[PDB]
Each structure stands twice: as C-alpha cells, then as structure tokens.
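Given as structure tokens, the chain that follows is alone and in the form deposited in one PDB entry.
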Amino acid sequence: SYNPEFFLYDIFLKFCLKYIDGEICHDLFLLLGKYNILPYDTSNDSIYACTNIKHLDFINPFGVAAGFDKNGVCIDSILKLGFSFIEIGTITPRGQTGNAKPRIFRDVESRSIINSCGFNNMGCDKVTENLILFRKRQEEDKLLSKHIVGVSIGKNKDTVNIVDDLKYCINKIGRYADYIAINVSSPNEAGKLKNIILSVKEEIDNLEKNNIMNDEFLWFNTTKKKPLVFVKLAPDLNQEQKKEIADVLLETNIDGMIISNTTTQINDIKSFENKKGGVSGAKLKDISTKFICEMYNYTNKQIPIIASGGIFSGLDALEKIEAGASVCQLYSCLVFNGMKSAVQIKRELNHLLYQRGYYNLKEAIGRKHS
C-alpha cells in the first residue's frame, strides 16, 4: 500500500496473473530476483515470534516451501522479501526436464494451484554450485546473516536405488545445507522409509566422521552444524499408514516433519477438472491442518512440525501453530499475494498473537490439543 516498491510490484503481479502463463510468471519473477530488483523487507522481526526446531533457530516463523526455487537461482532475493528460510529443490542427482508444459495452472477464485512439474531440476552438481555461490554472497550480505537454507532431495525417476540417490545428494550439497528434507512424497513399505531415513542420517554423520576440518570449515552453512534431517509427507494417506509412519519417525529419531505436500483428493475445482497433478493453496488448508493434528498426536508431541500449506494470513498461520506446527512455509501465497506476502503475514500473526493473549509464538504451539 504505502510502500511504493511493493505496491508497484503487486500491480505488476496482478497483470501477470491475469494475462501470463504461471510457470512463465514464476520464471520472470525468479529472473527479477536474480538481478536484484525485487523489494527488501529491512524491518526487525518481533522477538516474540522467533521459533526453533531443535538447535535450528528461525528469526521469524515464515519460510518458502520446496519447488519454488528448485535450482537455487534466486535464494538471496526471495529470503530478503522477509522470510527466515527457504527450502530449495526438490533436487535429484542428475538433472530432469520434468513433464510436458504447461504443467502449472492457477484457480484465482479458490486461490489454488495444480501442478505436474515432475521434478524438473538442473541436477545436484549444478544446484550445489548455485548454493555454494549463495553461501559466499551470504558472507558479504548483511540482510542474509542468520537466514536458513534447507535442501529438498529426491530420487531420479528411474533410479536403481532410492538410498544411493539420496547419498549422492548429501555427499555433494550436505556441507552447504542447514537441513535436508527427504521428499519421497510427491505426485508426478514403512521399513523402506526407516532405511531411507537411517541411510540419510548416516551419510551426514559420515561427512562429519571423515572430513579432517573443524566444523567452522566443514559446514559452510548458517548453523555451522551438520544439517538436520526432515521428511516431507503427502496428505493422501489412510489412518493406518499415518500411524505406521509415526512409528518410523519416532524410531529413527527424525529431526522434524514437513506436513504436507500437495493433494490429489480435491475434486471440486471447476477449472481443474481436465487437469492432473497435486493441488496447493486454500483448498489444501483444512486437509493439511487436520494432518498436522493427527501426526502431532501419533508422534506423542515428540517430533517438530513444519507446516505447509494453504497458508495466506496471520490467522491461517496461527491455526497451523495451534495444531502443532513450530514454523510455516508459504508457496501459493506468493503466487496470489505477491512480494508483500511475508511482511503482511508476519504483521498479521504478531497482532493476532497479542489479541489472543499469547506472550510469544512458542506458547501457541500445539495449544489446540486441550
């Protein structure tokens, strides 16, 4: 509104939404970020809305979800919109072109998206080089100081074993990540998951084990510690599957769970009737929130939750927090609300936390459970 850089951008984004293909719009804004002409949020975040996952400390509770910057080409400018963190990827060991275009469609009226990108990415080696270059800029760029970068990692479509795909990614990019997100949930048994999770924690342990450098020099990342390990879960699961996965997460000592990925359970979006892929945005909100409550329960409140999505407003964020989330990720909100998304949502959450009588954010976590 009053700030002109954000105002001009959000008129422009309105135009793009109306006229221009979604993926094209995405790439255009990625390109504007790469050349550093997006607005900055240079305001101090409220100390009462800080949050953490184990010893990973978030300056504010809002990050950007995976799939947004698949190749880490725009990390600086996206963070500087006011986010405390970003999950780049999903990356795979070798590059993949993804499914035929067009493959991202928006329904403005329901503020929802469907996609069948199919894990398009430049591959691990190139993204690692992109993240390295980010880490070097981060040493020089004051507004990036304590900002977190996680890396989502996945299997190549046709792989000979999932485990070794993940190990290759870890070995390449692990030193530059603050956390690693295991994405084995995506459109486009549980003993298999246990072995995946254990193989990942082991490869990270092995980076530590057999590098001769002190941690200051091995971990070229924000925390200067080894990356935490999270898993991202798809919401299209039966109650038994959820219970089983909960057990695996408890047993492997996973650092956190990202709940949730996109859903294929949505049938009532008119403009999407011909379309396949997973649905994001407002129509996912209730499903994701229900799923957070369930996994919070099934894991005995022992596993920190990263919420995603249908998160647009301060209210949406608080719902996720009170359902059990420690931190929130946005994707669709950036598509529909533009450059101002983080500024506006942080303010709305702050005002809401106060109205509800909460001293801080951490106080609200899980509060809907009695």
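Heads up, when I say rigid core I mean the largest set of C-alphas that superpose within 1.5 Å between the two forms. Only residues modelled in both forms are compared. Numbers follow the displayed sequence, beginning with 1.
Chemist: Are any deposited residues left out of the model between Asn188 and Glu189, and how many (none, 1 to 3, 4 to 9, 10 or more)?
Modeler: Missing residues, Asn188 to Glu189: 4 to 9.
Chemist: Mean CA temperature factor from the deposited coordinates, higher in 69-77 or in 245-253?
Modeler: The recorded data point to 245-253.
Chemist: Determine, for stretches 293-301 and 86-94, which one has the higher mean CA B-factor as deposited.
Modeler: Taking the mean C-alpha B-factor of 293-301 and of 86-94, the larger value falls to 293-301.
Chemist: Going by the entry, which of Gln138, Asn130, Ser152, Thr264 has the most elevated CA B factor?
Modeler: Highest CA B-factor of the listed options: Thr264.
Chemist: When the CA B-factors of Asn115, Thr222, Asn120, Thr159 are compared as recorded in the entry, which is the largest?
Modeler: Largest recorded C-alpha B-factor: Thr159.
Chemist: Within this chain, which third does the Cα B-factor at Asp215 fall in: lowest, middle or highest?
Modeler: It belongs to the middle third of the chain when residues are ordered by C-alpha B-factor.
Chemist: State the tercile, meaning the lowest, middle or highest third, of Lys276 with respect to the CA B-factors recorded for its chain.
Modeler: Answer is highest: the recorded C-alpha B-factor places it there.
Chemist: If you rank the chain by CA B-factor, which third does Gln239 end up in: lowest, middle or highest?
Modeler: Its C-alpha B-factor, which the entry lists for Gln239, ranks in the highest third among residues of this chain.
Chemist: Compared with the other modelled residues in the chain, in which third is the CA B-factor of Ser288?
Modeler: Tercile = highest for this residue's CA B-factor.
Chemist: Among the modelled residues of its chain, does the C-alpha B-factor of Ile24 lie in the lowest, middle or highest third?
Modeler: It belongs to the lowest third of the chain when residues are ordered by C-alpha B-factor.
One more form of this protein, deposited in another entry, exists but is not displayed; see below.
Chemist: Select from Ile132, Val108, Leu250, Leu143 the only position whose Cα moves 2 Å or more between the shown form and the other one when the core is aligned.
Modeler: Going through each option, the one that shifts is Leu143.
Chemist: Hey, quick one: aligning on the core, which runs of at least three residues have all their CA atoms off by 2 angstroms or more between the shown form and the other one?
Modeler: Runs shifting 2 Å or more: 1-10, 140-143, 212-216.
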